[PDB]
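The structure appears right after this line, and notes come after that.
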Amino acid sequence: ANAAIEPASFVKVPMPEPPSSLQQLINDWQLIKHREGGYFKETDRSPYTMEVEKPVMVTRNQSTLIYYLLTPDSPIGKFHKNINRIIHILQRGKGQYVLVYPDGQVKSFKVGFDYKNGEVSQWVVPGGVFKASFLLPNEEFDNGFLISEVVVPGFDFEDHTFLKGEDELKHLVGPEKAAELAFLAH
Amino acid sequence: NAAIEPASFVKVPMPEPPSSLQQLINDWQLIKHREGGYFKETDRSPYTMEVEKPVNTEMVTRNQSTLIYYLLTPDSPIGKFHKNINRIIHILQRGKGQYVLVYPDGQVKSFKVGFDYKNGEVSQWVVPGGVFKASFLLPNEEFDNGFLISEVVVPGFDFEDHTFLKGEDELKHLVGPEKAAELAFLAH
Ligand SMILES: Nc1nc2[nH]cnc2c(=O)[nH]1
Ligand SMILES: Nc1nc2[nH]cnc2c(=O)[nH]1
């Protein structure tokens with residue numbers, strides 16, 4: 001279900017520190033800051049490999065799994081895309097995703113366990129589609145947003161592409177839309 | 001390694017699920033699985049891959065991945081022993097539960113699933129291929145005694161790669177005859 005893009009106060013202006021409960025989670029699990037924002041850790045990378053044809057044959061692990069957490073101090077996952085589709089599974093909290101297709105269409109939906117209100121707890125972002133995400137205030141998980149992501153073939157930086165500023169965003173969605181989504185781009 | 005201490009509704013399931021879970025089941029179209037529990041395949045990758053499988057082996061085509069929601073309830077609190085050639089990624093979403101893994105070696109491992117990682121619980125777990133796995137519901141008022149997870153199989157799930165255990169008979173041959181008596185409620 002479509003969702004209005006109405007970033008909360010701490011999303012537009014990140015807080016210097018996250019609630020102690022989330023900091024503890026970060027420390028105990030040894031999560032590290034992701035280049036696109038948020039905290040993460042690869043917890044699984046298949047022992048099995050596969051060969052795939054890539055536009056310029058390469059080898060990749062069959063799959064990779066990560067924990068990905070957004071917090072009040074790092075509430076945004078900046079726009080980026082992967083050649084491969086990515087499976088997302090909600091575990092704790094609430095968040096919102098914004099997708100920008102190559103043709104320019106923008107889609108946004110909310111993630112949470114209240115499906116009766118349009119929220120989803122499983123979602124796949126097709127390869128080639130730019131995605132960004134931001135934290136939604138929620139009391140159930142101390143204003144945090146924890147999910148698991150699985151990519152097949154397994155993650156490789158060579159298949160990753162981050163969006164470059166509002167300039168590149170402008171080419172895709174136009175000036176007005178680019179301005180509205182600027183807070184989600186590098 | 002948690003101890004196998006089944007709740008009352010596990011050894012003797014309730015006739016029907018509680019209203020909150022029945023509503024979830026109906027809204028999501030979850031169907032009772034043969035091995036027990038309710039499930040639904042929500043994604044099967046349109047992309048494929050060729051993999052070698054023993055039969056002497058031969059090449060077969062598989063979808064790159066499959067995803068399902070899997071739910072245990074008081075009326076169906078057990079996910080009976082079954083195995084797959086492929087490893088399976090499990091992601092906890094709601095509730096609590098416990099797994100029992102029987103490796104081909106005969107080794108038995110058991111652990112609890114939940115978000116209290118401070119108490120040994122885990123919210124992500126990968127079961128290697130060839131390992132028989134079973135799960136049972138753990139009481140928890142948080143999710144009205146439900147246990148919801150997501151499972152991702154890579155390569156994607158295919159019946160040709162699936163194997164369910166047949167009663168204590170085969171179970172007894174894998175683990176001690178005495179152990180088969182303790183895990184008997186998770187098989188057949
Ligand atoms: N799996 C994985 N490893 C990474 N290392 C750096 N960035 C990433 C990422 O997005 N995924
Ligand atoms: N992924 C998946 N799809 C199925 N289709 C029928 N049964 C199953 C099953 O157990 N898993």
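Lettering follows sequence order; numbering is per chain, from 1. Because only heavy atoms are used, hydrogens play no part in the values below, and waters and symmetry mates are left out as well, while side chains stay in.
- Side chains of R87(B) and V154(B) form no contact here, defined as non-hydrogen atoms less than 4.5 Å apart.
- Classification of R92(A) and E140(A) as a salt-bridged pair fails, no side-chain N sitting under 4.0 Å from a carboxylate O.
- Annotation: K54(A), atom NZ; neighbour count of heavy atoms from other residues, nucleotides and ligands within 6.0 Å is above 12.
- By the neighbour-count criterion of 12 heavy atoms within 6.0 Å, atom CD of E58(B) is densely surrounded, having more than that number from other residues, nucleotides or ligands.
- Looking at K131(A) and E36(A), no side-chain N of the basic residue comes within less than 4.0 Å of a carboxylate O on the acidic one, giving no salt bridge.
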- Message: Please evaluate residues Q22(B) and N26(B) with respect to the criterion side-chain hydrogen bond (donor to acceptor under 3.5 Å, both in side chains), reporting the C-alpha separation (whole Å), side-chain torsions for both, the decisive distance (0.1 Å), and the verdict.
- Response: CA-CA 6 Å; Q22(B) 180 67 75; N26(B) 293 340; 3.1 Å; yes
- Item | Test ring pair (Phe, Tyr, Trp, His ring centres under 6.0 Å) applied to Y70(B) and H90(B), step by step | CA-CA 10 Å; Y70(B) 187 55; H90(B) 307 70; 8.8 Å; no
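- In summary, the side chains of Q98(B) and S110(B) do present a donor paired with an acceptor at a separation below 3.5 Å, with no hydrogens or angles considered.
- Summarising the geometry, atom CD belonging to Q93(B) is positioned 6.5 Å from atom CG belonging to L90(A); distances are rounded to the nearest 0.5 Å.
- Taking the six-membered ring for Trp, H80(A) and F130(A) have ring centres at least 6.0 Å apart.
- One finds a salt bridge joining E160(B) and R62(B) here, because a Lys/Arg side-chain nitrogen approaches an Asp/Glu carboxylate oxygen to under 4.0 Å.
- Here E119(A) pairs with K94(A) in a salt bridge; the nearest charged N to carboxylate O distance falls below 4.0 Å.
- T64(A) and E42(A) form no side-chain donor-acceptor contact under 3.5 Å, judged by distance and modelled atom types alone.
- The number of heavy-atom neighbours closer than 6.0 Å to NE2 of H188(B), taken from other residues, nucleotides and ligands shown, is 12 or below.
- Side-chain contact between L163(A) and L169(A): present, with at least one pair of heavy atoms (C-beta onward) separated by less than 4.5 Å.
- Judged by distance alone, the side chains of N61(A) and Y48(A) never bring a donor and an acceptor atom under 3.5 Å apart.
- The environment of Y117(B) atom OH is dense: over 12 non-hydrogen atoms of other residues, nucleotides or ligands sit within 6.0 angstrom.
- Between the side chains of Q62(A) and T49(A), not a single donor N or O lies within less than 3.5 Å of an accepting N or O.
- Checked against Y67(A) for a ring pair (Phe, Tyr, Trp, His ring centres under 6.0 Å), the options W29(A), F145(A), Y39(A) give a single hit: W29(A).
- Under the 6.0 Å distance and 45° angle rule, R35(A) counts as a cation-pi partner of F157(A).
- For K172(B), the NZ atom is loosely surrounded, since the number of other residues' heavy atoms within 6.0 Å does not exceed 12.
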